[PDB]
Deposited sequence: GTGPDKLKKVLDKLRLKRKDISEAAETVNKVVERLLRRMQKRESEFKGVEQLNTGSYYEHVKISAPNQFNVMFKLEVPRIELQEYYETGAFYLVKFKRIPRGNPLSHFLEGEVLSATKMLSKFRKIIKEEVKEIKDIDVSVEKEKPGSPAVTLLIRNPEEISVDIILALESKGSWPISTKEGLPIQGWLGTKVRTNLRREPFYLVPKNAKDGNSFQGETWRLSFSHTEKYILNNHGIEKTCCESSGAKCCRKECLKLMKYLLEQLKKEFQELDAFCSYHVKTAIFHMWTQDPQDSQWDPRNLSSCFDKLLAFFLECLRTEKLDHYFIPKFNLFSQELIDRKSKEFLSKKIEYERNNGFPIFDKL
């Protein structure tokens, strides 16, 4: 019971999955063909599906989809922004119209990308779909879809580089004692990605490891058979779902928590999965203890004001410059409260 029943509630319905995906795939496919069918500065982008729905940890409803349109760009030089670790300027075609002083401007290229999508969305007459107003500094072009429910799709332009990952990641991805050195070496043989976030704030990109995280979510055990048809279930994803849910419920209720996001939870459980690598440490019979030790770890992160980017160890997602101490102390109070009272926020609608 208890947490088992909560997970029963969070579980997506097969029918809703079917109806959401088919409408999502209609729009995405149409947008994707537009990007190459034309001259178009983004001819050659490929679709990369990412985030919780494609990692099978989406909760409640299939109402948010994350898609990367990635562009392979060769002979790119990276300059780390302000020792931040995650933010870079990039330098040396149709992309000529996006540079400046030899700097590929994230802002300029996102704007044309965005302009294309808006135009194509205008030609869609079979689906009720609009482009959400732009959020400054965001990497996303966000679609809002109606019909069987509200659905949002974040279309994320990404650059794809095939060289060695930037030195700031050298000490990241510390999976050696959990997924192992062969897996780590192979993952770092994959490309890395750059996403037009902006900390020259307008020209900066941010590193993305959404492809690495997806692999990890679907290949998460120390045993190769974890959660496979001839292995045993673990409760790793279910703990992620529960913690995601506690934060979503807390964020709905308290504006004091706007600065928090699900990626903070994702980052925290990557660290917990590294600290507790054995699959037996995530036995489904120990769901409550597992959820609790995740809570305690997350609270220790808040208390110490320290949650390092799992791929970029020096980039503290909980630094003062990013999240006010007051916000972190508010979230500590609310989590400790739910914890010490049987999670009442889990009962509510």
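J.: Which parts of the deposited chain sequence are absent from the coordinates, listed in sequence order?
T.: Missing C-alpha atoms (numbering from 1) occur across the ranges 1 to 4, 97 to 102, 210 to 214.
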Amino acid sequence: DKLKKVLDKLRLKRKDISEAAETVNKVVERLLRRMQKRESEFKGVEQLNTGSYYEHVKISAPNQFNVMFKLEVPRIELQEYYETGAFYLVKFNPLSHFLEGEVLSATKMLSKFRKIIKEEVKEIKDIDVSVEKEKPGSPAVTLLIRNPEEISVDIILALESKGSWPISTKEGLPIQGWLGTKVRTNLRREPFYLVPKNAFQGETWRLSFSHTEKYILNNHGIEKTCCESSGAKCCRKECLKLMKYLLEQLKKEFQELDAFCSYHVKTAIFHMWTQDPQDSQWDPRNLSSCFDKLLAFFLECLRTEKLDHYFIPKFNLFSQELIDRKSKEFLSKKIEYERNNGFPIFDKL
From here on, numbers count along this sequence of modelled residues.
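J.: Could you settle it for me: does 245 to 253 or 75 to 83 have the higher average Cα B factor in the PDB entry?
T.: Comparing 245 to 253 with 75 to 83, the higher average CA B-factor belongs to 75 to 83.
J.: Look over 53 to 61 and 35 to 43 in the entry and identify the one with the greater average Cα temperature factor.
T.: Higher mean C-alpha B-factor in the PDB entry: 35 to 43.
J.: Quiz for you: based on the deposited Cα B-factor, which of 156, 124, 226, 239 is highest?
T.: Among 156, 124, 226, 239, the highest C-alpha B-factor in the entry belongs to 124.
J.: Return the residue from 279, 213, 100, 190 that has the highest Cα B-factor in the entry.
T.: Highest C-alpha B-factor among the listed residues goes to 100.
J.: By the recorded C-alpha temperature factor, relative to the other modelled residues in its chain, which third is residue 320 in?
T.: It falls in the top third of the chain.
J.: Thinking about Cα B factors across the chain, which third does residue 131 belong to?
T.: It falls in the middle third of the chain.
J.: Looking at the entry's B-factor column for C-alpha atoms only, identify whether residue 303 ranks in the lowest, middle or highest third of its chain.
T.: Middle third - that is where residue 303 ends up once the chain's C-alpha B-factors are sorted.
J.: Is the Cα B-factor recorded for residue 30 in the lowest, middle or highest third of its chain?
T.: Its C-alpha B-factor belongs to the highest third of this chain's values.
J.: Using the B-factors in the PDB entry, rank residue 219's C-alpha atom against the chain and give the third, lowest, middle or highest.
T.: According to the entry, residue 219 has a C-alpha B-factor in the chain's lowest third.
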